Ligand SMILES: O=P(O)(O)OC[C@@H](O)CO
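Consider the single chain below, provided in structure tokens and representing the form solved without the ligand.
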């Protein structure tokens, strides 16, 4: 163990669940978010599933203010959209950099992971307690034990969609999982991931009491592809969606399109333009698009190391978010008309 500096004690998932209990509203909300998201990706419901909110959460109170606005918009638009807030705790870096709330909640390289996990669960409880479902990237394979009861959607990021460990993980999660296409912009690895996660897996994993055991999973048939561009180009357009559909196996779930990341070409101000392009497909009868993902915050833009502004990727601001989501809802309505 020449490269292990040490091991510091860790509260067990079960312990944290008792110390920071979910409310009845919190649990009911998480269940509802899962039902609603399942109905949309499997084509039972004709609304669009929207995963919308910050790139990352670094500020609990700001996240709560944002949740309150989004919960109100979600009440306004619920005939047409099912909204789940991005409450992303874990951030994959290109090389190194802030990994998120769990890993370093004080954002100052002290890495108080126990406090991160307490802040993470108190956050998840606080958001779901106002009746808003939340979603997060499942990067760490141990973290979900601490938080899964509160979560209605999980994302596997572009850099881990190929990882057999993350496909294993997804195969045992109690909620829908969106696998992002690879960083090269092609979808094959995400389709492979969905198939893989749909099978039963055996692997070593951590229990609620914090010990390693052999886990057997059931297989997760609520996995879907998220289109998020990449080096081969953006993939939110009708030609990219036609190629995507051409590649889907029998049994596939609906596609989600991420407006941000590679689909925004390094410019958050592109997300409303992606929205216009996606809305046009939907409004003209595209039924394979069942989800969108949007990086949105109280205030727009980003910053390196200001209230309600991202410290990771740049987001559209609140007012733009309203306009984007109202436009999406209307495209949903128009699609109902086409389908009559």
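Throughout, rigid core stands for the largest set of C-alpha atoms superposing within 1.5 Å between the two forms. Numbering follows the first chain given and starts at 1.
- Displacement analysis by core superposition in 7 other deposited structures of this protein ranks 106-114 above the other of 106-114 and 81-89 in root-mean-square C-alpha distance from the shown form.
- Note: missing coordinates for residue 136 occur in none of the other compared entries bracketing this position, so the one-third threshold is not reached.
- Residue 161 is built in all of the other entries compared, counting only those with both neighbours built, so it is not a gap in a third.
- Between 92-100 and 163-171, the higher mean Cα B-factor belongs to 92-100.
- Placement of the Cα temperature factor of residue 61 within the chain: highest third of the modelled residues, per the deposited record.
- Among all modelled residues in this chain, the alpha-carbon of residue 221 has a temperature factor (C-alpha) in the middle third.
- Compared with the other modelled residues of the chain, the Cα B-factor recorded for residue 142 ranks in the middle third.
- Ranked by Cα temperature factor within the chain, residue 53 sits in the lowest third according to the deposited record.
- Sort the modelled residues of the chain by CA B factor and residue 235 lands in the middle third.
If you look for the form solved in complex with the ligand, you will not find it shown, but the lines that follow are about it.
- The binding site of this unliganded chain is open: after the ligand is superimposed from its pose in the entry with it bound, not a single one of its atoms comes within 2.4 Å of the backbone or a C-beta atom.
- Relative to the ligand in the entry with it bound, residues 93, 159 and 313 are all within 4.5 Å by at least one heavy atom.
- In plain terms, the part of the chain that comes close to the ligand in the entry with it bound, with a heavy atom within 4.5 Å, is 84-92 out of 103-111, 84-92, 265-273, 70-78.
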